[PDB]
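A look at the structure
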Amino acid sequence: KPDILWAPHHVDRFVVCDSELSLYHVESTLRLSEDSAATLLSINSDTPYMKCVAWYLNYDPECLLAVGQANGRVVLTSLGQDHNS
Amino acid sequence: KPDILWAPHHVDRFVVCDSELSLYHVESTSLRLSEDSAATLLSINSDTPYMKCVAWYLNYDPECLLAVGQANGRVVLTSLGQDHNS
């Protein structure tokens, strides 16, 4: 069941949940809308065949979305290129 | 068989290959490679679990691209840098 998640602190951050996860940031004008353009930020497939999706309430660290495996092995990855999140 | 690789155009880029690929940039002095050197991770990705083979591009454009070839035989060309104008 694919779904799109929005950042808790950013209303212009777009996400997608599929076999290879991808993230995009909304920029005014892919062509999301007539006056909107979609530009991807980071696409990673570190958790193939996703099981459960969760998000963190805390502002930091950013790009905090939870990824779990079919065997119950959860992966906690941050999409933003943060050397010191 | 994990192996350590470096970028063909950048010398400050260091990579360690595993089930979860780690890309780091060398900065003067985070991983402390030497006494006066620190390496900061650029991104973390594990798009190729239980991988067997990998390679790298022969052109500066695009950069930060390495092969992701799993045991199933599928060849995945994934780029780890902040890809915007490939």
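Before going further, it helps to examine the pairing of strand β5 (residues 64-68) of chain A. Residue and element names in this part refer to chain A. Note that strand β4 (residues 53-55) and β5 share 3 bridges and pair antiparallel. Bridging across to β5, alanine 54 finds its partner in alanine 66. One ladder, built from 5 bridges, connects β5 with strand β6 (residues 74-78); its direction is antiparallel. Each residue of the ladder has a partner; that of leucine 64, found in β6, is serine 78. The turn joining β5 and β6, which pair antiparallel and follow one another in sequence, is formed by 5 residues; a positive phi near 90 degrees is taken by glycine 72.

Another point: unusual backbone geometry. In the segment running from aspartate 60 of chain A into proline 61 of chain A, the intervening peptide bond is cis, with an omega of 0 degrees. Considering the arrangement of structural elements, one finds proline 61 of chain A in the loop between β4 and β5. Of the consecutive residues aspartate 61 of chain B and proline 62 of chain B, the connecting peptide bond is found in the cis state with omega at 0 degrees. Residues other than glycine seldom take positive phi values, yet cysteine 63 of chain A does so here, at roughly 55 degrees. With respect to the helices and strands, the residue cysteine 63 of chain A is situated in the loop between β4 and β5.

Take the sheet that holds β6 of chain A next. Adjacent strands of a sheet pair through backbone hydrogen bonds, lying either parallel or antiparallel. All names here are of chain A. Spatially, 3 strands are ordered β4-β5-β6 in an open sheet, and the strand pairing comes out antiparallel. The strands lining the two open edges of the sheet, one partner per strand, are β4 and β6. Taken over all neighbouring pairs, the strand axes of this sheet differ in orientation by 25 degrees on average, direction set aside.

Criteria and thresholds
- Per-chain numbering applies: from 1 upward along each written sequence, possibly unlike the entry's numbering, with residues missing coordinates excluded.
- Chain letters and ligand numbers both follow the written order, the letters beginning at A and the numbers at 1.
- Every figure reported here is calculated on the shown chains, themselves a piece of a larger assembly.
- Water and hydrogen atoms play no part in the side-chain values, which are based on all heavy atoms of the structure.
- Residues with missing side-chain atoms are left out of burial classes, side-chain pairs and their counts.
- We treat two strands as partners when DSSP finds at least two bridges between them.
- Strands here are runs of E lasting at least two residues and helices are runs of H or I lasting at least four, both read from the DSSP assignment and numbered beginning at the N terminus.
- Geometry is summarised by axes, namely lines fitted to C-alpha atoms with helices restricted to the contacting stretch, and by angles between N-to-C directions that run from 0 to 180 degrees.

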